[PDB]
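Enquirer: With the input below, show me the fold.
(5 chains, ligands or ions: 5)
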Amino acid sequence: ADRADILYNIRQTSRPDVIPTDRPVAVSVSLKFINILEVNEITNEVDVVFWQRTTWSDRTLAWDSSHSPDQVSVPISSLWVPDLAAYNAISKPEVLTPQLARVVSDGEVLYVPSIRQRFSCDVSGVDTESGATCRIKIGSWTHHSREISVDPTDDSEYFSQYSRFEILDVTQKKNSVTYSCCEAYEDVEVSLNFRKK
Amino acid sequence: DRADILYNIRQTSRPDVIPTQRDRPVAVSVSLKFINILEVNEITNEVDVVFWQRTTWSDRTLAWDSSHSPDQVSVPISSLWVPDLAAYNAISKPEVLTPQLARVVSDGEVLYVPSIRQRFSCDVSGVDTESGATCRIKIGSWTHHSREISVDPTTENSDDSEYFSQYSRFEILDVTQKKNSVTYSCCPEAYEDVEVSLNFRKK
Amino acid sequence: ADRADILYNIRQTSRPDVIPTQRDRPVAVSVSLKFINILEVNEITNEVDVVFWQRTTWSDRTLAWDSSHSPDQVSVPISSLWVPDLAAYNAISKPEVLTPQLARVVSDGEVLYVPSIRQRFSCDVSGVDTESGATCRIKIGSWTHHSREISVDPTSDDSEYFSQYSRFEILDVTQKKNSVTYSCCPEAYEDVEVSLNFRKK
Amino acid sequence: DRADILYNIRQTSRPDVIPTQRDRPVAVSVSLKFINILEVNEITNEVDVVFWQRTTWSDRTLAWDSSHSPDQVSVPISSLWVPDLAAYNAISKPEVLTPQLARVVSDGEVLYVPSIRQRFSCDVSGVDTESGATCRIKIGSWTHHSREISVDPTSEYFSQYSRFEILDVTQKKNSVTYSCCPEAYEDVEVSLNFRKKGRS
Amino acid sequence: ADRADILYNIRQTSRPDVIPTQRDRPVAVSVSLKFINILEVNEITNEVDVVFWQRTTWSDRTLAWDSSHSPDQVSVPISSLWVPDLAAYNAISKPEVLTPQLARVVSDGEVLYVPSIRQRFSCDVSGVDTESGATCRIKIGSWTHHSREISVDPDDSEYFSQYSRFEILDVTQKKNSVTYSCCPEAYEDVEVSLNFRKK
Ligand SMILES: C[C@@H](c1ccc(C(F)(F)F)nc1)[S@@](C)(=O)=NC#N
Ligand SMILES: C[C@@H](c1ccc(C(F)(F)F)nc1)[S@@](C)(=O)=NC#N
Ligand SMILES: C[C@@H](c1ccc(C(F)(F)F)nc1)[S@@](C)(=O)=NC#N
Ligand SMILES: C[C@H](c1ccc(C(F)(F)F)nc1)[S@](C)(=O)=NC#N
Ligand SMILES: C[C@H](c1ccc(C(F)(F)F)nc1)[S@](C)(=O)=NC#N
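Expert: Numbers count the residues shown, from 1 in each chain, chains lettered A, B, ... in the order given. Ligands and ions are numbered 1, 2, ... in the order given. See the structure here:
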């Protein structure tokens, strides 16, 4: 089996519109901040660029790689992808990078889109020594905690040295929203502690 | 399993056909949850808002026996009929910020809650006073009259503190959602709408 | 026949890319702009940004069905229909369609399409801040069908439709037919000239 | 009838294949009619213009016997091969303002006239003087060299409401070898001589 | 065989979503930027808007055809071909492709793709109004193919607009190979250093 056969077999068994679950699909999400482009302390809005490292398992994709490549890049339109959204986004995610994921032969998927997006978050203290804490909430838009679970995994490693801002700290913790409109939806709450240089 | 449910939904779903049951109007429920007010122009009477547009209706063609299978799935809206709702006083296209998936329940109930950013022409006078501005947003079927689609509010009366970001430079005083009817001189029939009154002011 | 059968039959006989001429008469298209809002006016650059309902009607007899025991009207996505290739000659932006792209088809073949459009125009903005106002002329016609294939006809002060929250008020809208020969082509192209007389409140 | 002509065009039309006949280049004619000059920045040397790009070529794969049938139809350009023309000094994507339909004549001649709004990098110096600015716009095939596509050139529709007036438009042909490739690429250079109507 | 037959056969054998590696060798992708314009420079935000032709070449032997009796090159829409998933790591906008998305395929399988791209970057704009100028570094490589699947290898002002407010002093292109914390394998990039200043 070569890469074409692996992609062909992924298309036979992949159901892009069907969650590949008695138990939730465990989605891992971790943000690497690349840039903070604009901050508005009057409107409490920030424009950021981040790599959204997203992993999950889909065992329907698995193949025997004893005599064949054990990983391929696949367009995400061929795969089920978690319907993750930033709950406090005030613009559409601008995906800056090719929309390809890596599929490993055991069914593990890795997707790392570079996203530019505007958020509503607390920008107070951005001009002080201890900085602002901007919380970004990412979770399934339409799958509750029994269908999708979300778990978090240096902070400045890929952060642009040319930003007007610097990162003091990033903490990623698991949370839960119930709204009366819609059971409980799990999210990762990413606390970006940043200040002006 | 979920694949069978999605497959069967695609066999019977007709995305371009209103799913009327015995020639009754399709009863669409619409309720806006304001999340943010981004820009307000008192000179041009224009507001830019983000809201969750909670939308429900029934399509019994979708129904399935869930006695031994999941009773709900997430389905891309391109696989479903969706009501052709428009904001009659919008001055921009609805920007949908979220994945375009609806929940289908096994009895045929559909729930769709897109997060939308949209600009409106509405009354911004009083925004910098204690009693605030009242911006009315009119949402209804663009092309289905009252005998094909009926539109009802969920919650009539609310202050939306459940949903509205306290990081906005605006605060919400009151949201009232009431049913209305427009007849235009284009057409003899009436189009039903929900009129959402957003009472808000600058902090 | 139910609504699904009507849509199915419309897709069998509808030819979206073929002008539905009957016995090589032109397709009679009716066009009427109902101004909803005037959003930006620049007296220096002579540019206006407006929102209008472009009320468009025509007949396509290929669509007709027997409605004696069935609904006599349906909403159809415009991608399933032939639609006239109308363009605003003096537009300086693409038409931004704000509304769902569905038309109503009546069982005799009459089609009604009313998109809400936001669009920028190059037109005469002089006098906008005076009592008699500006007169901004918008020219709409078929882009590629001459007068033997498409005829365009108008169907007012527009107080029914125009937002009282605009900074502008409408004094008058007049819609008049024209027929122009262009240097590319020997045939005449029909247009409606819409004269929007408006001023600052 | 028109439906049969469109049906036959869809049988033989290859939108992704240049319709060269034997070894011969497809002869593309391009001529710009300027409609508006909207924004001019003399500091950045950038202009925003609206023009009707009159484009003609032959595709004999489309040709049909019109002795008993209409000799012309409007066809969506997605059903046709269209030359891959690009403005080399454009700094924005062409905004096509008009329905994307071409006229096909029964002998295979195609006429396509999109109304385009586009921003260019060009010489705006002199715009506020009597002699005006000369903005050169360079258009040619992006991926077909001179043996596959040849390009030849050929105020009437200019808006009276522009802040600018047109003094002169000249179109000349050029043929350039670029360091990517051993073959020559043809372009038309359109020289728009224009000036501000006001004082400064 | 005519051009229609060549396109038809390319569609039979082309797998647009499958990297055309031969026997576990990386696909050798060649990338070289020709700068056309520097449009907007913000010295406060360290952001620049540039236009460049991204000259991109690789081999895909699945596309090869016998050209003894037929043209040996055609223009093909890139949606019919595998194209390397190149990304500019320090871009802060999507690439705006200004040109028709057609590549040239030679009968031996060589592909040439030269999109004209307008894109905004986060890079060092300090010194732009001085004699030695700013150095804006643009980092391009495969987003999802590591060094064993894709390798990337590299006259500056030749196509640069004389009407820009900026002039180019120097362009250097160097190869790099980076391991990122997601993944055990190395990703290749070209780092393009654009040294420019205000006229
Ligand atoms: C090199 C980048 C990357 C690697 C792998 C993938 C994939 F597996 F998801 F396809 N996407 C992007 S990077 C720099 O964004 N890795 C990190 N962190
Ligand atoms: C009337 C316009 C027109 C005519 C013909 C065509 C076509 F043949 F390309 F379809 N398009 C536009 S106009 C005025 O733009 N033609 C000229 N000049
Ligand atoms: C002439 C241009 C060109 C040539 C060839 C190709 C192709 F083969 F990739 F399709 N694209 C564009 S140019 C001027 O942009 N090449 C260079 N430099
Ligand atoms: C409000 C959001 C949501 C939940 C459920 C649905 C459903 F209709 F698809 F079921 N759509 C949207 S959510 C996940 O609670 N967001 C937040 N914050
Ligand atoms: C004008 C609006 C409407 C009515 C009918 C049609 C159709 F026939 F083309 F389908 N489209 C739009 S409406 C609903 O009256 N506007 C509001 N306000």
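
Enquirer: Work out for me the element residue A:168 sits within.
Expert: strand A:165-177 (DSSP states H and E).

Enquirer: what comes up buried for that strand?
Expert: A:165, A:167, A:168, A:170, A:172 (16 or more other C-beta atoms under 10 Å in any protein chain shown). Bear in mind the C-beta positions are built from the backbone N, C-alpha and C, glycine included.

Enquirer: and which of the residues you listed is nearest chain B?
Expert: The shortest distance between chain B and any of those, using C-beta to the nearest C-beta, involves residue A:165 and amounts to 18.0 Å.

Enquirer: my guess is that closest one contacts residue A:36, does it?
Expert: Yes - under the criterion of C-beta atoms under 8 Å, residue A:165 lies in contact with residue A:36, with a separation of 4.0 Å.

Enquirer: hey, what's in contact with both of those two?
Expert: Both residue A:165 and residue A:36 are in contact with residue A:194, where contact means C-beta atoms under 8 Å, 6 or more residues apart in numbering or on different chains.

Enquirer: which residues in chain A form strands?
Expert: A:25-40, A:45-57, A:71-75, A:84-86, A:94-95, A:100-104, A:108-111, A:114-120, A:132-140, A:148-151, A:165-177, A:185-196 (DSSP state E).

Enquirer: angle of the third one against strand E:134-142?
Expert: Here strand A:71-75 points in a direction 110 degrees away from that of strand E:134-142 (axes from the mean of the first three to the mean of the last three C-alpha atoms, to 10 degrees).

Enquirer: Tell me the buried residues in strand A:71-75?
Expert: Taking 16+ other C-beta under 10 Å as the neighbour-count basis, strand A:71-75 is seen to contain the buried residues A:71, A:72, A:73, A:74.

Enquirer: and the residue of chain A most remote from its centre, how far is that from ligand 5?
Expert: Using C-alpha atoms, centre = their mean, the residue of chain A lying farthest from its centre is residue A:67. It sits 32.5 Å away. Using C-beta to the nearest ligand atom, to the nearest Å, one obtains 60 Å as the distance from residue A:67 to ligand 5.

Enquirer: Contact partners for the closest residue to that residue other than its chain neighbours?
Expert: Counting by C-beta to C-beta, 6 or more residues apart in numbering or on different chains, the nearest residue to residue A:67 once its immediate chain neighbours are dropped is residue A:1, at 6.7 Å. Each residue near residue A:1 by C-beta under 8 Å, 6+ apart is listed here: A:9, A:63, A:64, A:67, A:68.

Enquirer: which of the residues you listed sit farthest apart?
Expert: Taking every pair in the contacts of residue A:1 and measuring C-beta to C-beta, the maximum separation is 13.7 Å, between A:9 and A:67.

Enquirer: beta partners for the closest residue in space to residue A:113 that isn't next to it in sequence?
Expert: Computed as C-beta to C-beta, 6+ apart, the closest residue to residue A:113 that is not its neighbour in sequence is residue A:95, at 4.8 Å. Each beta-bridge partner of residue A:95 is listed here: residue A:115, as defined by DSSP bridges.

Enquirer: Roughly how far does the residue most central in space within chain A sit from residue E:113?
Expert: Nearest to the geometric centre of chain A sits residue A:52, at 3.7 Å (C-alpha atoms, centre = their mean). In this view, residue A:52 and residue E:113 are 28 Å apart by C-beta to C-beta, to the nearest Å.

Enquirer: And residue A:118, by the same measure?
Expert: Per C-beta to C-beta, residue A:118 is found 33 Å from residue E:113.

Enquirer: need the contact list for residue A:78.
Expert: Residues near residue A:78 by C-beta under 8 Å, 6+ apart: A:7, A:10, A:11, A:14, A:16, E:17.

Enquirer: Quick check: chain neighbours aside, which residue is closest to the residue of chain A found nearest ligand 5?
Expert: For chain A, the nearest residue to ligand 5 under the criterion C-beta to the nearest ligand atom is residue A:181, separated by 25.8 Å. Take residue A:181 and drop its neighbours on the chain: the residue closest to it by C-beta to C-beta, 6+ apart is residue B:54, 5.0 Å away.

Enquirer: So what's the residue count around the residue of chain A found nearest chain C?
Expert: Per C-beta to the nearest C-beta, the residue of chain A with the smallest distance to chain C is residue A:92, at 16.4 Å. With neighbours defined by other C-beta atoms under 10 Å in any protein chain shown, the count for residue A:92 comes to 16.
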